[PDB]
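Peer 1: I need the structure of the sequence given here:
(22 chains, ligands or ions: 13)
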Amino acid sequence: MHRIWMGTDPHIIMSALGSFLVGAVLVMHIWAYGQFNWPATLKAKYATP
Amino acid sequence: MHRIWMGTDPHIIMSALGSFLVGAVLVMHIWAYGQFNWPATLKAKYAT
Amino acid sequence: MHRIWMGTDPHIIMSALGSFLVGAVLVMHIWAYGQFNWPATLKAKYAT
Amino acid sequence: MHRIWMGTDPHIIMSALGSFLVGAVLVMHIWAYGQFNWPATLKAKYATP
Amino acid sequence: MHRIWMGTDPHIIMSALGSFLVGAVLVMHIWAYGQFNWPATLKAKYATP
Amino acid sequence: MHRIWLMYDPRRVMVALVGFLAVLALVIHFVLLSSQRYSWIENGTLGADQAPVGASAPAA
Amino acid sequence: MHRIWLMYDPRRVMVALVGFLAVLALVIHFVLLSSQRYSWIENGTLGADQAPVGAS
Amino acid sequence: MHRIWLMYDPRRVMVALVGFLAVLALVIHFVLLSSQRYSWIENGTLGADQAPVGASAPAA
Amino acid sequence: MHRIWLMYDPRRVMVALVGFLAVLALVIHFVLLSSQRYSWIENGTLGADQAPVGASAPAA
Amino acid sequence: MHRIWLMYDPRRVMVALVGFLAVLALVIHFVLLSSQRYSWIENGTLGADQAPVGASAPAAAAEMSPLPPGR
Amino acid sequence: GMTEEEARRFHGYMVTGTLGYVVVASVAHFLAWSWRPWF
Amino acid sequence: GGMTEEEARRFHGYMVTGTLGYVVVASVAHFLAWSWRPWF
Amino acid sequence: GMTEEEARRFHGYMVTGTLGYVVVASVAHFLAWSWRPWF
Amino acid sequence: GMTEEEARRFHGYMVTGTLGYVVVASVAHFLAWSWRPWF
Amino acid sequence: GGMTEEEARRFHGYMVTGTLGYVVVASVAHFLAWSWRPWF
Amino acid sequence: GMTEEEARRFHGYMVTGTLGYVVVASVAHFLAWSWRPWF
Amino acid sequence: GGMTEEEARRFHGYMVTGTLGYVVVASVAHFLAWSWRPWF
Amino acid sequence: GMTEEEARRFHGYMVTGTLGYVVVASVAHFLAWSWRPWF
Amino acid sequence: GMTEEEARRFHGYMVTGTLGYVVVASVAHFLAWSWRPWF
Amino acid sequence: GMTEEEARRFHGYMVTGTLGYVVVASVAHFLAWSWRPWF
Amino acid sequence: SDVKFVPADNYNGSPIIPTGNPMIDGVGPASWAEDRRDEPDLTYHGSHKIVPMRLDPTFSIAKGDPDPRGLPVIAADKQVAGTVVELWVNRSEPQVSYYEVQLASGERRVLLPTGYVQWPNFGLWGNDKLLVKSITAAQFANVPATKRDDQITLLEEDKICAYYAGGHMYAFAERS
Amino acid sequence: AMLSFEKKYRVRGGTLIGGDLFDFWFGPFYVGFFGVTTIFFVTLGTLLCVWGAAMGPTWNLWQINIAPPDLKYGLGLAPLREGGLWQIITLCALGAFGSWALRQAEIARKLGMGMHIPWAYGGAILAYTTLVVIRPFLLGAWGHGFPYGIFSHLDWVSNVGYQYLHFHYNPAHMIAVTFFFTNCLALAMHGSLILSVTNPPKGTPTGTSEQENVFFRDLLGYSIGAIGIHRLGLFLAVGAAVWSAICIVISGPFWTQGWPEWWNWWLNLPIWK
Ligand SMILES: CCCCCCCCCCCCCC(=O)OC[C@H](COP(=O)(O)OCC(O)COP(=O)(O)OC[C@@H](COC(=O)CCCCCCCCCCCCC)OC(=O)CCCCCCCCCCCCC)OC(=O)CCCCCCCCCCCCC
Ligand code: BCL
Ligand SMILES: COC(C)(C)C/C=C/C(C)=C/C=C/C(C=O)=C/C=C/C(C)=C/C=C/C=C(C)/C=C/C=C(\C)CC/C=C(C)/C=C/C=C(\C)C(=O)O
Ligand SMILES: COC(C)(C)C/C=C/C(C)=C/C=C/C(C=O)=C/C=C/C(C)=C/C=C/C=C(C)/C=C/C=C(\C)CC/C=C(C)/C=C/C=C(\C)C(=O)O
Ligand SMILES: COC(C)(C)C/C=C/C(C)=C/C=C/C(C=O)=C/C=C/C(C)=C/C=C/C=C(C)/C=C/C=C(\C)CC/C=C(C)/C=C/C=C(\C)C(=O)O
Ligand SMILES: COC(C)(C)C/C=C/C(C)=C/C=C/C(C=O)=C/C=C/C(C)=C/C=C/C=C(C)/C=C/C=C(\C)CC/C=C(C)/C=C/C=C(\C)C(=O)O
Ligand SMILES: COC(C)(C)C/C=C/C(C)=C/C=C/C(C=O)=C/C=C/C(C)=C/C=C/C=C(C)/C=C/C=C(\C)CC/C=C(C)/C=C/C=C(\C)C(=O)O
Ligand SMILES: COC(C)(C)C/C=C/C(C)=C/C=C/C(C=O)=C/C=C/C(C)=C/C=C/C=C(C)/C=C/C=C(\C)CC/C=C(C)/C=C/C=C(\C)C(=O)O
Ligand SMILES: COC(C)(C)C/C=C/C(C)=C/C=C/C(C=O)=C/C=C/C(C)=C/C=C/C=C(C)/C=C/C=C(\C)CC/C=C(C)/C=C/C=C(\C)C(=O)O
Ligand SMILES: COC(C)(C)C/C=C/C(C)=C/C=C/C(C=O)=C/C=C/C(C)=C/C=C/C=C(C)/C=C/C=C(\C)CC/C=C(C)/C=C/C=C(\C)C(=O)O
Ligand SMILES: COC(C)(C)C/C=C/C(C)=C/C=C/C(C=O)=C/C=C/C(C)=C/C=C/C=C(C)/C=C/C=C(\C)CC/C=C(C)/C=C/C=C(\C)C(=O)O
Ligand SMILES: CCCCCCCCCCCCO[C@@H]1O[C@H](CO)[C@@H](O[C@H]2O[C@H](CO)[C@@H](O)[C@H](O)[C@H]2O)[C@H](O)[C@H]1O
Ligand SMILES: CCCCCCCCCCCCO[C@@H]1O[C@H](CO)[C@@H](O[C@H]2O[C@H](CO)[C@@H](O)[C@H](O)[C@H]2O)[C@H](O)[C@H]1O
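Peer 2: Numbering: from 1, shown residues only, chains lettered A, B, ... in the order given. Ligands and ions are numbered 1, 2, ... in the order given. I have put the structure below:
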């Protein structure tokens, strides 16, 4: 399968993969914070009455 | 059957198929979240 | 029967047919979802 | 009768005939769905009460 | 693994990493101050009636 | 595919692309800023259920 | 078929096509954005039953 | 009939044709979108029994 | 990535960039200064909870 | 960081910078002089608690309107 | 300038594209007719 | 230019095979649809 | 000018790119139609 | 006039920059959606 | 330029064959339709 | 573009990746069906 | 330029290793998340 | 017109100058946010 | 640009810098958890 | 034209000029702040 | 066939294509009014309107302008085409009408209409050379001649001006 | 058909876009790419004006009136029957006027002329764009544009003038009027001088640059010269349109009181307050 990398530059591969991962991870957290009600339970734990 | 790939560029085939799959999966998930009422039931499990 | 393909381009044929199928299948599903009341019955099952 | 075709590119004949047939078939179905009350009876069979 | 750095400029790498860390750390603190109710509880400790 | 950059001078294309995106971004931001729903400078701190919504259809 | 590109330089047609499609897309969006039914920036969160219809 | 392409340069008859069809298609759509019966963006979801029909004043 | 500076003269790009950034900064400051919530010359000393907020959805 | 002085002629930069700073200084002074809170020639002697502050909210009465009715 | 052979070749495409365009327009009119008749 | 008569013969075999495969799969789909919700 | 084999090469790309654009647009209409039908 | 190998390396950056731009916009939209969704 | 009489002669064979095939399938469709919802 | 030799090799990986994708999707659907069946 | 078959073979080994490392850490994360707040 | 080494030297200052500005601007936004949040 | 020998030494510092930074952060999180646990 | 020695010696006066100006402006701001704060 | 151009194709309204060198033959923007009267233009009292300045001592450079004589002329290809030997003046409306240029690396002297010259920095400062953006230093050798060096005819004016006019289209083209 | 000297000049080249494809003539007209776009916008914009007349109350040429939308629509496209059609025609007009100027640049390049004519026409385009784009944008509604109708746009001009009580007192308007009037005087003088030397009384020799120079100096007390009078005409004519664009863009976006009370600053100069 390693034939697939031929002709490419490693820095471009690692740029592309690096940017994709930053995107997906950020999106997945922004989404997960909406659904799981966290940190909202954390905030409500320490919030001042 | 392989010789349909002759004269193509494989990095373009992988670009087209990659673009299709990313689009198709995202369309299917936003459609499915509408029909299946999930994550809506997940959000309702942890709320106030 | 086969020689209708002479002088044609295989990728143009597969592009044309591929795009026709996508159009037809999308039309057929959107129409069929209207007539058969699905996924509407699916959505109603798991709605709250 | 075959001498009809002699002036002509067979791909043009197929393109022209294929255009006509798609056209006629679609017009006939759109028309027939109006007159025969189908798929309207199908839709009524499964519509939510 | 070190071969990833070949062809790059050390100062661009340190400049980019440094700017990332500043951005990430600032985001993380303003976020964390929101969730953990600090320094808000610190201010309330020493504030005047 | 990279041979597209033989058809056009990339030095020219990038200037056209940046121009198009800069104008488009300014147009979208101005459209949103002029709306009710997304006039975020005055109302950005409102919660999503407090933010304006356009009128619905009449009941009959 | 392909001899059309012997008459019209595909390098130039492809630019004019991008220009045409960009203007057409902008016109269709600005038409819809200004309608009542499809003013999606103000009302996009309305359900399809709630969305305006231009009856009078 | 093909000899019309000896009278006129096909390269620029086709531009004239495509330009004509563009102008004619746009005019007809704008004419309809001005009408009440065919203002389809606002009222396209109405069935034919609800679609506007124009009449003259009843002239009592 | 540095070969971008062979396509474009950095003596041009520096002057272009500073011209762009200065204009963009002045636009944003005057947009904020013209707003109500961020008219900071007159109202800057208001606390965050006292500063103006745009109209909500009224349900009325 | 001297190499900028080969990249551009110091006379033209020096004039351009001084021109920019003078224009900016005049703009900021006149924006302030036009304001209520910082109209220092008339009100500069007021204490910090006495100086104008922009409203936390404008006032209204339902029957009153600043603009005439129409269209 | 094109030969009368090239003229016949071009004219074959021009007729075929015209027919295809008219077919599409005909279906579009019959869809429009079924949605909201104009006579 | 374009496909030779040899390429045409060879291509036609795959074209027919792919078509018959597609129609077979669609036939299964319709049998399942009919047994789920008959439409006549 | 351009040779007929370059024209035949470009025609492959142009047809594929055109139809791919129409496919993406057809999906966008499927989303728009599901959200708020216009008929 | 750019060579084909210059185009080859240039395109890699153009793809990378486009992907990076789309990634940042995708996060920007997801943040905006979480703050105030438009559908 | 187009077709000699010889390939036209075999093209005609496929044209008549395809037409008759289409008319047969359409005949079955009308027989099914008539049994389902007669229109005269 | 690709040779018959490159096409032969590329096709094998393409078939393999396609089958792997379908297999994973088959497990995904079996899980989804057991969780919330839709017919 | 562009990566050779020799260099690609070496690069692929790290890429596979890094991808497995990432998936392993994410597998731990999902186990912790599931035991903390199950989502089905 | 830049040589390779001239462009590569300039690119160092250009990257760091850009990133330094963005870092300063991010502190400015942090301060502005703590004074009067816009969301 | 950076040679392999520079890259070899550079990598050793970058990894040890990274590990040190993670060590300090791990202590920070241990302290933070003992002060205000968040799960 | 400007030499590298000229630039170096010019930069010294340019930096003390800028620094002296920033020193005066910051004293002027803190006087203004003490008289009538804007936050 | 001496005919200077042929149709691009047989359709109505098609362009013409030059056969020879369009700058020499005079086609498109290089063309001139070929029937123009081949006589000098005259002042109201009937002297020659355009003459070299050495023939009328009434005229002199305005004090504190540069005299352009002896300056190099820099052509479109940045080559030095020559140096200004003389000014020609309009006696009906006092102005410089033509520079006369001694060609560098050649025997010949040629006229240069001042509309096609510009100063470095548009004359405000420097003024140490002349710029001719429209033609190359090679093409300066083919600039049309006047029959005499003390006078210029209306036809010769048209020919010379048309030569520099065509350059902006044809100077950097293989169409020669 | 061609002028008896023309064929010689009909070369390829000078096009800004489209290469050789559109580089041809249709009768007297040069086409080119912006010729094609001109005819597209002219045809569409004209046929929409005919549609505006059809759905309006009358076909009388003077009375046809395609009005802009109400101000309440702001910067949105109104319903077509309520001013939206005026907006589409405005986009056509901008496209046509822009294409026309760029087509003139191709023609000037093909003849080896300077660009003076496209830029002069740019002054008219600027004034139009100010009336229908820039001023309505600064006011925040496209409904501030003028209606397309031969007399109905004069009703708009009248009412906009009296929005400032006494529009004659607009200072930029006074300058613009002075350019328009001085331009008409200069055109009469230049036209008369050229004609009077080229058409002397019967049995008199054709005149000379010296005679027109002498007569012009008797009229103004100085000699403008042949290049100068064409520079002056262009300066006056284009300057008139530029000062016109200024005078309308300041009215509303910048000054909102009556124009007479603008002159209060002159009365209050400290030398005589
Ligand atoms: C209010 C104060 C200020 C108001 C200010 C008003 C200013 C008016 C300025 C414009 C007037 C001059 C226009 C002109 O001469 O164009 C050339 C053209 C043709 O003649 P040619 O050029 O000498 O010869 C060429 C031709 O023979 C062969 O050329 P070719 O074979 O290559 O091309 C084909 C032909 C076909 O002809 C046409 O297509 C033109 C038909 C329409 C002409 C309308 C002219 C305007 C009349 C206005 C007066 C009135 C009409 C009612 O030739 C062409 O292609 C030529 C195209 C010319 C396009 C000119 C368009 C001008 C539109 C002006 C609109 C003015 C709106 C105000 O001339 C004509 O067709 C005849 C025009 C004669 C002047 C009008 C006099 C009317 C007097 C009263 C009625 C007389 C009845 C007998
Ligand atoms: C000089 C060559 C490199 C560089 C080399 C280093 C080195 C070496 C170190 C850092 C460190 C840091 N760098 Mg630095 N860094 C550069 C450019 C930047 C840029 C930028 C806008 O370009 C930014 C935002 C940063 C940001 C940062 C922080 C994330 C971090 C903590 C100190 C700090 O705040 O420094 C702000 C940055 C600056 C004011 C400019 C950079 C130079 C100054 C002198 C600071 C860093 C050196 C530090 C004092 C060394 C101390 C001794 C060691 C601890 C043994 N660097 C330049 C291009 N950077 C330190 C770290 O990793 O901490 C965990 C560290 O040890
Ligand atoms: C408001 O209501 C109002 C408006 C007022 C009411 C009134 C309306 C009126 C009056 C309407 C009039 C309409 C009209 C009247 O005629 C309309 C006439 C329409 C016509 C004719 C349409 C024709 C379309 C033809 C097409 C699309 C052809 C396409 C050709 C193609 C694709 C092939 C291209 C060539 C190729 C591929 C290869 C060439 C080979 C080469 C080069 C080779 O081999 O060398
Ligand atoms: C709802 O109301 C309304 C809408 C009215 C209802 C009505 C609807 C109607 C009327 C529908 C009609 C549908 C229809 C017909 O009638 C639909 C027709 C469908 C058809 C035909 C589908 C065909 C599919 C074929 C496929 C997938 C083939 C794939 C082939 C492959 C993969 C092989 C590729 C080639 C190779 C490998 C060659 C190698 C050698 C090479 C290259 C060499 O040798 O060079
Ligand atoms: C209510 O509002 C109103 C407005 C009134 C309503 C009405 C609206 C109307 C009437 C609309 C009409 C629309 C219309 C009409 O036809 C719309 C027609 C649209 C069309 C045709 C779209 C076509 C798109 C084609 C595309 C995108 C092609 C992309 C090609 C690509 C990417 C490949 C490029 C080439 C490569 C890469 C190879 C280079 C060579 C290489 C590398 C080499 O050689 O090596
Ligand atoms: C109100 O709502 C309305 C508005 C109406 C609705 C909207 C409607 C419409 C119509 C929207 C349209 C959207 C659109 C349509 O196309 C949007 C299209 C967007 C696109 C394509 C974006 C592309 C971005 C690409 C970028 C950023 C690339 C960056 C590249 C970089 C950084 C590398 C540069 C090179 C370098 C560094 C050096 C290389 C090496 C070299 C040189 C060497 O080595 O030599
Ligand atoms: C509702 O109200 C209203 C509307 C009013 C009601 C009334 C409606 C009316 C009046 C309808 C009339 C309909 C009609 C009238 O005629 C309908 C006519 C229909 C017809 C004719 C259909 C014919 C179909 C033919 C087909 C499918 C042929 C396929 C052939 C194939 C596949 C082979 C191709 C060739 C090959 C392979 C050989 C290559 C050899 C080569 C290259 C070589 O040998 O070199
Ligand atoms: C909700 O309502 C609506 C929307 C209506 C519902 C309906 C939706 C519908 C109709 C959906 C249909 C979906 C569909 C239809 O077909 C879906 C089809 C999906 C398919 C086919 C997926 C295929 C995936 C294939 C993959 C992942 C392959 C990966 C290959 C790899 C990794 C190898 C790469 C090559 C290598 C390593 C060798 C290089 C060597 C080289 C270069 C050398 O050696 O030179
Ligand atoms: C919430 O609703 C919605 C959003 C809808 C839900 C759905 C979400 C969906 C659909 C998600 C899909 C996610 C997904 C896929 O499908 C995600 C895919 C994830 C992947 C692939 C991750 C891969 C990570 C790989 C990493 C980190 C590699 C690291 C490499 C390292 C450390 C080594 C580098 C060293 C080198 C290079 C040195 C060698 C150089 C050498 C030798 C040299 O130079 O020579
Ligand atoms: C709140 O909600 C949301 C936000 C969603 C929550 C989620 C947040 C998320 C997902 C966060 C993820 C963060 C992350 C992910 O990876 C974070 C990763 C962080 C990393 C990698 C930190 C690395 C730090 C490294 C340092 C400090 C290195 C220092 C190195 C030094 C000093 C040596 C320098 C070089 C030298 C000495 C030169 C030698 C020789 C040379 C030059 C020669 O010899 O030439
Ligand atoms: C509410 O209002 C709105 C407006 C809306 C709010 C917003 C405002 C905004 C956006 C503001 C932005 C501000 C800004 C942005 O960059 C501001 C930037 C300011 C800067 C860069 C200031 C720099 C000053 C430097 C000076 C003064 C240098 C003096 C040097 C001297 C004296 C030495 C001269 C040389 C000598 C003596 C000898 C040389 C040697 C020689 C010759 C030799 O040795 O030969
Ligand atoms: C060529 C590419 C085309 C891409 C697709 C673009 C959209 C075109 C859609 C055409 C098919 C429309 O098909 C039609 O969908 C509507 C959607 O309201 C269905 O309408 C019915 O079901 C839907 C739910 O599905 C209900 O919300 C609706 O109130 C009811 O009337 C019709 O029963 C069906 O016949
Ligand atoms: C507009 C954006 C939306 C997406 C648009 C594109 C989506 C679909 C892309 C499918 C990619 C594969 O599509 C296929 O690519 C190959 C090259 O790989 C093209 O192949 C073309 O170029 C190759 C190589 O230069 C030639 O040998 C060949 O004769 C020619 O047809 C095919 O003509 C096209 O059918």
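Peer 1: for residue U:79, give me its contacts.
Peer 2: Counting by CB atoms under 8 Å, 6 or more residues apart in numbering or on different chains, residue U:79 touches U:136, U:137, U:138. To be clear about C-beta, it is placed using only N, CA and C from the backbone, and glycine gets the same treatment.
Peer 1: what's the answer for residue V:114, then?
Peer 2: Applying CB under 8 Å, 6+ apart to residue V:114 gives the contacts residue V:108.
Peer 1: can you say which helix or strand has it in it?
Peer 2: Here residue V:114, judged by DSSP states H and E, is contained in no helix and no strand.
Peer 1: and for residue V:43?
Peer 2: Applying DSSP H and E, one finds residue V:43 within helix V:32-55.
Peer 1: wait, does that helix contact chain H?
Peer 2: Yes - Helix V:32-55 is in contact with chain H by CB under 8 Å from any CB of the partner chain, via V:36, V:39, V:40, V:43, V:44, V:47, V:48, V:51, V:55.
Peer 1: name the residues linked to the closest residue to residue V:160 other than its chain neighbours by a beta bridge.
Peer 2: Nearest non-adjacent residue to residue V:160, counting by CB to CB, 6 or more residues apart in numbering or on different chains: residue V:251, 7.2 Å away. In this entry, residue V:251 is beta-bridged to residue V:255, by DSSP bridges.
Peer 1: residue V:251 and residue V:87: what is the separation?
Peer 2: 22 Å (CB to CB, to the nearest Å).
Peer 1: sorry, back to before: of the contacts of residue U:79, which is the nearest to chain F?
Peer 2: Among the contacts of residue U:79, residue U:136 lies closest to chain F (CB to the nearest CB), at 24.6 Å.
Peer 1: show me where chain U has its strands.
Peer 2: According to DSSP state E, chain U carries its strands in the segments U:5-7, U:16-18, U:50-52, U:72-74, U:80-90, U:95-103, U:109-113, U:117-118, U:130-132.
Peer 1: centroid-nearest residue for chain V?
Peer 2: residue V:124 (2.5 Å; CA atoms, centre = their mean).
Peer 1: name all residues that make contact with residue U:85.
Peer 2: Contacts of residue U:85 by CB under 8 Å, 6+ apart are U:69, U:100, U:101, U:102, U:109.
Peer 1: what's around the closest residue to residue U:140 other than its chain neighbours, how many residues?
Peer 2: Of all residues not flanking residue U:140 in the chain, residue U:81 sits nearest, at 4.2 Å (CB to CB, 6+ apart). By other CB atoms under 10 Å in any protein chain shown, the residues close to residue U:81 number 28.
Peer 1: ok, now residue V:154?
Peer 2: If you count neighbours by other CB under 10 Å, residue V:154 ends up with 12.
Peer 1: how about residue V:182?
Peer 2: Residue V:182 sits with 16 neighbouring residues when counted by other CB under 10 Å.
Peer 1: likewise residue V:207?
Peer 2: Residue V:207 has 17 nearby residues by other CB under 10 Å.
Peer 1: show me what contacts it?
Peer 2: Counted by CB under 8 Å, 6+ apart, residue V:207 has contacts V:196, V:197, V:198, V:200.
Peer 1: before we move on, back to that, and which of the residues of helix V:32-55 next to chain H is nearest to residue J:48?
Peer 2: residue V:48 (62.2 Å; CB to CB).
Peer 1: contacts only, for the closest residue to the closest one other than its chain neighbours.
Peer 2: Excluding its sequence neighbours, the residue lying closest to residue V:48 (CB to CB, 6+ apart) is residue V:89, at 5.1 Å. When contacts are counted by CB under 8 Å, 6+ apart, residue V:89 touches V:45, V:48, V:49, V:52, V:66, V:148.
Peer 1: considering these, which possesses the most neighbours?
Peer 2: Top of the contacts of residue V:89 by neighbour count (other CB under 10 Å): residue V:48, with 25 neighbours.
Peer 1: and chain M, is stretch V:11-26 touching that?
Peer 2: No - contact of stretch V:11-26 with chain M (CB under 8 Å from any CB) is absent, the minimum separation being 9.9 Å.
Peer 1: start and end of that stretch, how far apart?
Peer 2: End-to-end distance for stretch V:11-26, by CA to CA, to the nearest Å: 14 Å.
Peer 1: just stretch U:129-147 next, same as before
Peer 2: Stretch U:129-147 end-to-end distance (CA to CA) = 28 Å.
Peer 1: report the buried residues of that stretch.
Peer 2: U:130, U:132, U:134, U:135, U:136, U:137, U:139, U:140, U:143, U:144, U:146 (16 or more other CB atoms under 10 Å in any protein chain shown).
Peer 1: might you report the residue contacts of the third one?
Peer 2: To tie it back to what came earlier, the one meant is residue U:134. When the contact criterion is CB under 8 Å, 6+ apart, the partners of residue U:134 are U:76, U:116, U:164, U:165, U:167, U:168, U:171.
Peer 1: now those in JSON lines, with distance to ligand 2 and neighbour count?
Peer 2: Below are the contacts of residue U:134 laid out as JSON lines (distance: CB to the nearest ligand atom, whole Å; neighbours: other CB atoms under 10 Å in any protein chain shown):
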{"residue": "U:76", "distance to ligand 2": "46", "neighbour count": "19"}
{"residue": "U:116", "distance to ligand 2": "52", "neighbour count": "21"}
{"residue": "U:164", "distance to ligand 2": "54", "neighbour count": "25"}
{"residue": "U:165", "distance to ligand 2": "55", "neighbour count": "23"}
{"residue": "U:167", "distance to ligand 2": "51", "neighbour count": "23"}
{"residue": "U:168", "distance to ligand 2": "49", "neighbour count": "18"}
{"residue": "U:171", "distance to ligand 2": "49", "neighbour count": "20"}
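Peer 1: what's the most distant pair in those?
Peer 2: Farthest pair in those, by CB to CB: U:76 and U:165, 13.5 Å.
Peer 1: tell me which of the contacts of residue U:134 is nearest to ligand 10?
Peer 2: residue U:76 (49.0 Å; CB to the nearest ligand atom).
Peer 1: isn't the closest one right up against residue U:167?
Peer 2: Yes - Residue U:76 is within contact range of residue U:167, at 7.1 Å (criterion: CB atoms under 8 Å).
Peer 1: can you give me the helices for chain F?
Peer 2: Using DSSP state H, the helices found in chain F span residues F:4-7, F:10-34, F:40-43.
Peer 1: on that earlier part again, isn't the residue nearest to the centre of chain V right next to residue V:242, touching?
Peer 2: No - with contact defined as CB under 8 Å, residue V:124 does not count as touching residue V:242 (10.1 Å).
Peer 1: and the residue of chain F found nearest ligand 12, how many neighbours?
Peer 2: Across chain F, the shortest distance to ligand 12 (CB to the nearest ligand atom) belongs to residue F:57, at 14.0 Å. Using other CB under 10 Å, the number of residues around residue F:57 comes to 14.
Peer 1: centroid-nearest residue for the chain?
Peer 2: All of this refers to chain A. Closest-to-mean residue, chain A, CA atoms, centre = their mean: residue A:25 / 1.0 Å.
Peer 1: which neighbouring elements make contact with the helix or strand where that one lies?
Peer 2: According to DSSP H and E, residue A:25 maps onto helix A:10-36. If you count contacts as 3 or more CB pairs under 8 Å, 6 or more residues apart in numbering or on different chains; DSSP states H and E, helix A:10-36 packs onto helix B:40-45, helix N:4-35, helix Q:5-36.
Peer 1: repeat that with 7 Å
Peer 2: For helix A:10-36, the elements it packs on are helix N:4-35, judged by 3 or more CB pairs under 7 Å, 6 or more residues apart in numbering or on different chains; DSSP states H and E.
Peer 1: sweet, I'm off.
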